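Chemist: Experimental coordinates for this protein are included below, preceded by the sequence.
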There are 2 protein chains.
Amino acid sequence: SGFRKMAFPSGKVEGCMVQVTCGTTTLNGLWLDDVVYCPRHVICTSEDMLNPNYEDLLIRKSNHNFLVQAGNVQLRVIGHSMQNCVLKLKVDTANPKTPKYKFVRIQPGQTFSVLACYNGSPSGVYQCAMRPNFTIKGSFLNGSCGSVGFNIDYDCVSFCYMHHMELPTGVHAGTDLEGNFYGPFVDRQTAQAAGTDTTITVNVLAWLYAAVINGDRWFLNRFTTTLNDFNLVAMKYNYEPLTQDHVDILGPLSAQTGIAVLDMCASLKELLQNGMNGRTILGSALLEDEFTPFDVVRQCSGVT
Amino acid sequence: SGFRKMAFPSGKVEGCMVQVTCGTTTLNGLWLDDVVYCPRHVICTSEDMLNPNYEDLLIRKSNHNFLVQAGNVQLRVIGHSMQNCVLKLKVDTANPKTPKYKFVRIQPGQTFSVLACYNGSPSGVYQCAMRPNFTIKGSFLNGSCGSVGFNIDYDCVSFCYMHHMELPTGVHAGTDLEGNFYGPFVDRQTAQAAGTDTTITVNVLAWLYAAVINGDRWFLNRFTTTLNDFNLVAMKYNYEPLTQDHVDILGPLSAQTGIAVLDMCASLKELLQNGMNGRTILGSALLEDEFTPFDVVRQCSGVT
Ligand SMILES: Cc1ccncc1NC(=O)Cc1cccc(Br)c1
Ligand SMILES: Cc1ccncc1NC(=O)Cc1cccc(Br)c1
């Protein structure tokens, strides 16, 4: 029992972190096999970031300008290329600590762990969700660029995020491991609109199921609702509309607790319309949307 | 910017986890140098747990009864001893992945990361506080016993907790790495009173400082208070009385923000007396007490 915002064990990812320096800029790189991946803005000075011409800035750089240090040791760079917003530095040595890995583009509303790093050194690990508007509300400071987000399925690390930027609003933006930004962002020091965000309804329902499993049940009521009725309330409260695909992924939690998904929707409806009345659910005084149904099952069954 | 409940990177601790089996019971062990530490209740059956005579139960066990497996490989047990509520199994091989480490007994109100494990395999990492009543509100299931809590100071892991038990209230109890329980608990299947808990005042103030640093400042007011006046409010709201030692550790945060500690106390006083009025601070709708002043400084400066 108990339910926490749990991150994946970060060890497999710590073994891949390196520091990449190009000129006066230092950030984090991810060393997998014989390639180091890092944000392409490592080639910019502060002056360049207002409107960088990355193709031109990269043409002035040679393999020997990219200083890659794996803690104690220096890596020899034998190739460089830009793919979207990431640089790929081919090194002459495959990382001996490379775990089994995949590069995946996650969907908005999915969660992942972030290993925040500075100068190629891991500082901390936290779990977060990719917001429906493709931003993440992380904890990142200058030098954290190149820190990665990931999930783990037994021995396989699926890398889904590389940190690039903090928006003027204090929220975070980055790319998949092929250098494609999540959302409409560009790697430039320009104010950029993040879309209207929404609350991840299916995650809130999964978390209400986690609450019932762990003994917090005051919010259960004698009511039920329909997808249509629930979606009118979801609309009013800026929640994602619930679909049958979301109901389907909540099936295991509905089966484990015996609480039909639409009955849990009626509890969520009442919580939206009435608030918490000064009470808490799993130590929170608000509706939590950073746990997916898979996260709740994994945490509630003890998956390693 | 941004502020998250960040755990330490767990890699150094993942390399120490092993599975320990004695008869029909399997739990986690911590392998450091040539010793494996685990909860002594690994020697009990379910029948034994109602009132175990650990000295007698351990006398029926030999070195060969303790099956220790470090993932793939079996460790050869050449000695066993009980120290308080932990067993120490001497193995013939020093763990090659042993990090620089210390065993420390943490104070109530201090925080640490937990690497939750099952069958010697890490499942997740989360940050938590040792409650003033010496319980922890973790996320643990059957098989998690032997999972450890720790802090890291550059390359040194200070192990402070080993999980033993879930109280009938769903909260967690365990020991330091010398097998001494935190709090009044005993390793027996008996209902046990955890003391009256309190909110960790110095941590809430540190978190209010983290909020101001990260832009959440609506709660700042035109008031100040005294330690005596603040402590009357702390008393009413079941918060730990604030002392000069707590004011002193908040000095760096007071200096960084220019907000005197007693002025932050007056904001906390108003929040206690009025609530949040439906607003949030750092994404929370309640007053958070799981960040120490050191945690806030570390997170807000980017320490690796
Ligand atoms: C200072 C900071 C804090 C947190 N995360 C990231 C940062 N750094 C930046 O945002 C630098 C930067 C500026 C403009 C475009 C790009 Br791409 C990168
Ligand atoms: C089932 C579970 C869940 C979470 N953490 C721990 C557990 N396991 C236990 O508490 C088993 C146990 C029973 C009585 C005394 C002692 Br010492 C240990």
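Modeler: Received the coordinates, thanks. Numbering: from 1, shown residues only, chains lettered A, B, ... in the order given. Ligands and ions are numbered 1, 2, ... in the order given.

Chemist: For residue A:30, give me the backbone phi and psi.
Modeler: With angles defined as degrees, to the nearest 10, residue A:30 sits at phi -120, psi 120.

Chemist: My understanding was that it contacts residue A:37; is that so?
Modeler: Yes: under the criterion of CB atoms under 8 Å, residue A:30 makes contact with residue A:37 at 4.7 Å. Where you see a C-beta, it was placed from the backbone N, CA and C, and this is true even at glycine.

Chemist: what does the stretch 151-300 of chain A put close to chain B?
Modeler: Proximity of the stretch 151-300 of chain A to chain B (CB under 8 Å from any CB of the partner chain) is limited to residues A:166, A:170-172, A:214-215, A:275-276, A:278, A:280, A:283-286, A:298-300.

Chemist: Now the buried members of those residues.
Modeler: A:166, A:170-172, A:214, A:276, A:283-286, A:298-300 (16 or more other CB atoms under 10 Å in any protein chain shown).

Chemist: Just give me the longest strand of chain A.
Modeler: If you go by DSSP state E, chain A has its longest strand at strand A:156-166.

Chemist: Buried ones in that strand, by neighbour count?
Modeler: Neighbour-count burial for strand A:156-166 flags A:157-166 (criterion: 16+ other CB under 10 Å).

Chemist: Please list which of those also come close to ligand 1.
Modeler: Residues of the buried residues of strand A:156-166 in contact with ligand 1 (CB under 6 Å from any ligand atom): A:164-166.

Chemist: what helix or strand is residue A:272 on?
Modeler: For residue A:272, the host element (DSSP states H and E) is helix A:261-274.

Chemist: Tell me the helices and strands packed up against that helix.
Modeler: Using 3 or more CB pairs under 8 Å, 6 or more residues apart in numbering or on different chains; DSSP states H and E, the elements in contact with helix A:261-274 are helix A:201-213, helix A:227-236, helix A:251-257.

Chemist: which other residues reach the first one?
Modeler: When you say that, I think you mean helix A:201-213. Contacts to helix A:201-213, defined as CB atoms under 8 Å, 6 or more residues apart in numbering or on different chains, come from residues A:3, A:109, A:111, A:129, A:217, A:219-220, A:234, A:239-242, A:246, A:249-250, A:253-254, A:256-257, A:259, A:261, A:264-265, A:267-268, A:281-282, A:287-293, A:295-296, A:299-300.

Chemist: and it with ligand 2, contact?
Modeler: No: if you take CB under 6 Å from any ligand atom as the test, helix A:201-213 misses ligand 2, and the best it gets is 13.0 Å.

Chemist: mind saving the C-alpha coords of that helix as PDB?
Modeler: Included here for helix A:201-213 are C-alpha records, laid out as PDB according to Å, rounded to 0.1, in the frame of the first residue of the first chain:
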ATOM      1  CA  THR A 201      -8.800  12.700 -17.800                       C
ATOM      2  CA  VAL A 202      -7.900   9.100 -18.300                       C
ATOM      3  CA  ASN A 203      -4.900   9.600 -15.800                       C
ATOM      4  CA  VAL A 204      -7.100  11.300 -13.200                       C
ATOM      5  CA  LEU A 205      -9.500   8.300 -13.400                       C
ATOM      6  CA  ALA A 206      -6.600   5.900 -13.100                       C
ATOM      7  CA  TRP A 207      -5.400   7.800 -10.000                       C
ATOM      8  CA  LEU A 208      -8.900   7.600  -8.500                       C
ATOM      9  CA  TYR A 209      -8.700   3.800  -9.000                       C
ATOM     10  CA  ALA A 210      -5.200   3.900  -7.300                       C
ATOM     11  CA  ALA A 211      -6.800   5.800  -4.400                       C
ATOM     12  CA  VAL A 212      -9.600   3.200  -4.000                       C
ATOM     13  CA  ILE A 213      -7.000   0.400  -4.100                       C
END
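
Chemist: That helix vs helix A:261-274, what angle?
Modeler: Angle between the axes of helix A:201-213 and helix A:261-274 is 100 degrees (criterion: axes from the mean of the first three to the mean of the last three CA atoms, to 10 degrees).

Chemist: ok now helix A:201-213, how far from the chain's centre?
Modeler: From the chain centre to the centre of helix A:201-213 is a distance of 19 Å (CA atoms, centre = their mean, to the nearest Å).

Chemist: just stretch A:156-172 next, same as before
Modeler: That offset, for stretch A:156-172, works out to 7 Å (CA atoms, centre = their mean).

Chemist: Tabulate the CA atom coordinates of it in PDB.
Modeler: The C-alpha trace of stretch A:156-172 is given here as PDB (Å, rounded to 0.1, in the frame of the first residue of the first chain):
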ATOM      1  CA  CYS A 156      14.800  -2.100 -22.300                       C
ATOM      2  CA  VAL A 157      15.100   1.700 -22.000                       C
ATOM      3  CA  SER A 158      12.800   3.500 -24.400                       C
ATOM      4  CA  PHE A 159      14.200   7.100 -24.600                       C
ATOM      5  CA  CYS A 160      11.400   9.500 -25.400                       C
ATOM      6  CA  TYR A 161      12.600  13.000 -24.600                       C
ATOM      7  CA  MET A 162      15.700  15.200 -24.700                       C
ATOM      8  CA  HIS A 163      15.500  18.500 -22.900                       C
ATOM      9  CA  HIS A 164      16.200  21.600 -25.000                       C
ATOM     10  CA  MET A 165      14.500  24.700 -23.700                       C
ATOM     11  CA  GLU A 166      12.700  26.600 -21.000                       C
ATOM     12  CA  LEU A 167       9.900  28.800 -22.300                       C
ATOM     13  CA  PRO A 168       9.500  32.300 -20.900                       C
ATOM     14  CA  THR A 169       6.500  30.800 -18.900                       C
ATOM     15  CA  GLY A 170       8.900  28.500 -17.000                       C
ATOM     16  CA  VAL A 171       7.600  25.300 -18.700                       C
ATOM     17  CA  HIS A 172       9.900  23.000 -20.700                       C
END
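
Chemist: re earlier: mind listing residues that contact the next helix or strand after the helix holding residue A:272?
Modeler: Once the chain leaves helix A:261-274, the next helix or strand it forms, by DSSP H and E, is helix A:293-301. With contacts defined as CB under 8 Å, 6+ apart, helix A:293-301 is touched by A:3-4, A:6, A:111, A:202-203, A:205-207, A:209-210, A:213-214, A:249-250, A:252-253, A:256, A:291, A:303, B:123-124, B:139, B:141.

Chemist: filter the residues you listed to the buried ones?
Modeler: Among the contacts of helix A:293-301, the ones that count as buried by 16+ other CB under 10 Å are A:3-4, A:6, A:111, A:202-203, A:205-207, A:209-210, A:213-214, A:249-250, A:252-253, A:291, A:303, B:123-124, B:139, B:141.

Chemist: If you tally nearby residues, what's the number for residue A:13?
Modeler: Residues lying near residue A:13 (other CB atoms under 10 Å in any protein chain shown) number 28.

Chemist: so it sits in a strand?
Modeler: No: secondary structure of residue A:13 (DSSP: H, G, I helix; E, B strand; the rest coil): helix, not part of a strand.

Chemist: mind checking how far it is from chain B?
Modeler: As judged by CB to the nearest CB, to the nearest Å, residue A:13 and chain B stand 8 Å apart.

Chemist: Who's the closest spatial neighbour of that residue, skipping the chain neighbours?
Modeler: Spatial nearest neighbour of residue A:13, chain neighbours left out: residue A:115 (4.8 Å); criterion: CB to CB, 6 or more residues apart in numbering or on different chains.

Chemist: bridging residues for that neighbour?
Modeler: Note on residue A:115: beta-bridge partners by DSSP bridges are residue A:125, residue A:148.

Chemist: That one contacts residue A:146, doesn't it?
Modeler: No: if you go by CB under 8 Å, residue A:115 and residue A:146 don't touch, sitting 10.6 Å apart.

Chemist: how about a markdown table for the helices and strands packed on helix A:261-274, with distance to residue B:176 added?
Modeler: Shown next, in a markdown table, are these (distance: least, CB to CB, whole Å):
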| stretch | distance to residue B:176 |
| --- | --- |
| helix A:201-213 | 30 |
| helix A:227-236 | 48 |
| helix A:251-257 | 36 |
